[PDB]
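In what follows, residues are counted from 1 in the order of the sequence shown. When a ligand or atom number is given, it counts from 1 through the structure's own listing order. Only heavy atoms go into these numbers, but all of them, side chains included; no hydrogens, no water, no symmetry mates.
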Amino acid sequence: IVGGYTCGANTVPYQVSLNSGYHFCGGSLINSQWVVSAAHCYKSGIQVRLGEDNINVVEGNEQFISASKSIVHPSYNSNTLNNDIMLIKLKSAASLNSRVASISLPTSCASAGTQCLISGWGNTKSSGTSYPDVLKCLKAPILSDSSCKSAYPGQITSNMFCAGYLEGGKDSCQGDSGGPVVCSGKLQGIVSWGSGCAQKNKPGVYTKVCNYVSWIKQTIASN
Ligand SMILES: COc1ccc2c(CCN)c[nH]c2c1
Ligand SMILES: [Ca+2]
């Protein structure tokens with residue numbers, strides 16, 4: 001997260017870290033057994049880390065649970081990033097508590113102008129690299145689809161939305177991939193792609209979760 005702030009330990013209790021020997025992506029806990037992340041975060045050997053603040057220190061509220069199954073969206077296209085969503089099932093159910101909590105799926109699609117919370121352990125610099133230990137947060141509004149398409153002509157599908165700032169300086173970045181965009185207490189977006197981080201006229205692009213609620217619900221009812 002570039003241009004954000006330190007969330008505060010466990011104040012984003014649905015935020016997970018995906019670990020393959022090191023943190024490589026975020027995700028969102030949607031119930032005791034399932035995490036939503038980006039399809040571009042798919043890899044083998046995923047351990048889901050819940051209850052994290054400092055990802056380099058065991059602080060006492062973590063749960064580390066291996067993935068037992070990953071399900072990338074059937075229509076995910078890695079070249080265009082259309083349908084950039086994946087489900088991860090936990091080998092055992094997480095114990096839900098004040099530091100480990102699920103986030104509800106949306107009932108409707110959030111509207112332009114709505115303020116949302118984006119979080120992760122990604123790079124905090126728009127030029128160069130610096131990776132934080134504690135979870136970072138950014139408040140960012142959803143942008144109109146006309147402004148989103150103007151920023152990324154020919155690239156925004158109906159499964160994507162832009163959030164952030166056209167002036168740059170505040171954005172999600174490398175390593176925030178797969179993490180949550182939460183608006184009105186619901187998971188509306190997944191950190192998906194952009195042109196760099198926090199660049200002028202290049203706001204972050206996010207998977208439009210509301211389009212996937214039926215797929216999520218049917219998949220978790222059968223796996
Ligand atoms: C390889 O560099 C990057 C830089 C930024 C991003 C993002 C978020 C952009 N708002 C998702 N994946 C990335 C990969
Ligand atoms: Ca920790």
Side-chain angles (χ1 to χ4, degrees), residues 1-4 6-13 15-19 21-28 37-43 47-65 76 78-82 84-86 94 97 99-100 116-143 147-148 151-152 155-156 160-181 189-208:
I1 302 286
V2 177
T6 295
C7 302
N10 310 117
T11 60
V12 189
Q15 170 85 51
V16 311
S17 169
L18 305 184
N19 184 288
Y22 49 88
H23 166 87
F24 71 91
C25 269
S28 301
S37 186
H40 80 263
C41 290
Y42 162 79
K43 65 160 65 178
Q47 188 186 60
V48 179
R49 300 191 156 206
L50 313 176
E52 287 280 17
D53 191 45
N54 190 318
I55 52 170
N56 272 325
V57 179
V58 176
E59 300 181 282
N61 297 297
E62 299 92 345
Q63 294 173 51
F64 298 163
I65 305 172
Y76 170 58
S78 55
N79 294 327
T80 62
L81 300 179
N82 198 27
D84 187 14
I85 187 169
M86 171 182 71
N97 60 44
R99 293 85 59 209
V100 177
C116 306
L117 182 70
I118 310 181
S119 47
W121 291 275
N123 189 3
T124 62
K125 291 180 173 178
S126 59
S127 295
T129 66
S130 179
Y131 285 88
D133 296 309
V134 299
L135 185 67
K136 297 290 104 82
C137 274
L138 177 66
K139 287 183 184 184
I142 298 181
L143 303 178
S147 67
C148 190
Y152 295 102
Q155 300 194 273
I156 302 300
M160 300 171 189
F161 68 94
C162 288
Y165 300 89
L166 300 176
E167 333 84 73
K170 287 176 287 193
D171 202 354
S172 55
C173 199
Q174 192 173 4
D176 291 320
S177 281
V181 181
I190 301 165
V191 178
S192 182
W193 64 277
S195 183
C197 312
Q199 302 301 296
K200 176 173 177 175
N201 295 126
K202 293 295 189 173
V205 189
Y206 298 94
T207 308
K208 197 192 294 182

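- Nearest heavy atoms, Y206 versus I118: OH-CD1, 3.4 Å.
- Of all atoms in ligand 1, numbered sequentially from 1 with element shown, those under 4.0 Å from a heavy atom of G204 are 10 (N).
- Among all non-hydrogen protein atoms, the one lying nearest atom 3 (C) of ligand 1 is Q174 CB, 3.8 Å.
- The neighbour count for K43 NZ, taken as heavy atoms of other residues, nucleotides or ligands under 6.0 Å away, is above 12.
- Residue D53: no N/O/S atom is found under 3.0 Å from the Ca ion (ligand 2).
- At a 4.0 Å cut-off, not a single heavy atom of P203 sits close enough to ligand 1 to count as contact.
- Inclusion of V57 in the first shell of the Ca ion (ligand 2) is supported: an N, O or S atom falls under 3.0 Å.
- Looking at every heavy atom in both residues, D84 comes nearest to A39 through OD1-N, 2.8 Å.
- With hydrogens left out, the protein atom closest to atom 9 (C) of ligand 1 is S172 O, 3.5 Å, a heavy atom.
- By the 6.0 Å contact criterion, OH on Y42 is open, its count of non-hydrogen atoms from other residues, nucleotides or ligands being 12 or less.
- Of all atoms in ligand 1, listed by their number and element, those nearer than 4.0 Å to a heavy atom of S177 are 11 (C), 12 (N).
- Here the closest non-hydrogen pair linking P180 and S28 is CB-OG, 3.2 Å.
- At least one heavy atom of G196 sits less than 4.0 Å from an atom of ligand 1.
- Between the Ca ion (ligand 2) and the N, O or S atoms of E52, the shortest distance is to OE1.
- For the pair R49 and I55, the minimum side-chain heavy-atom distance is 4.5 Å or more.
- In terms of modelled atom types and a separation under 3.5 Å, the side chain of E52 and the main chain of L50 share no donor-acceptor contact.
- Scanning both residues, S37 and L18, for their nearest heavy atoms gives OG-CD1, 3.7 Å.
- For the Ca ion (ligand 2), the N/O/S atoms of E62 include one lying under 3.0 Å.
- Across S177 and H40, no two heavy atoms sit closer than the pair OG-NE2, 2.6 Å.
- Comparing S192, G164, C162, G175 by heavy-atom distance to atom 11 (C) of ligand 1, the nearest is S192.
- Pairing each heavy atom of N123 with each of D176, the nearest pair is O-OD2, 4.5 Å.
- Ligand 1 has no nitrogen or oxygen under 3.5 angstrom from a nitrogen or oxygen of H40.
- Residue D171 has at least one N or O atom closer than 3.5 Å to an N or O atom of ligand 1.
- Atoms of ligand 1 found under 4.0 Å from any heavy atom of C197, numbered from 1 in the order shown, are 4 (C), 5 (C).
- When distances to the Ca ion (ligand 2) are checked against a cut-off of 3.0 Å, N56 contributes no N, O or S atom below that limit.
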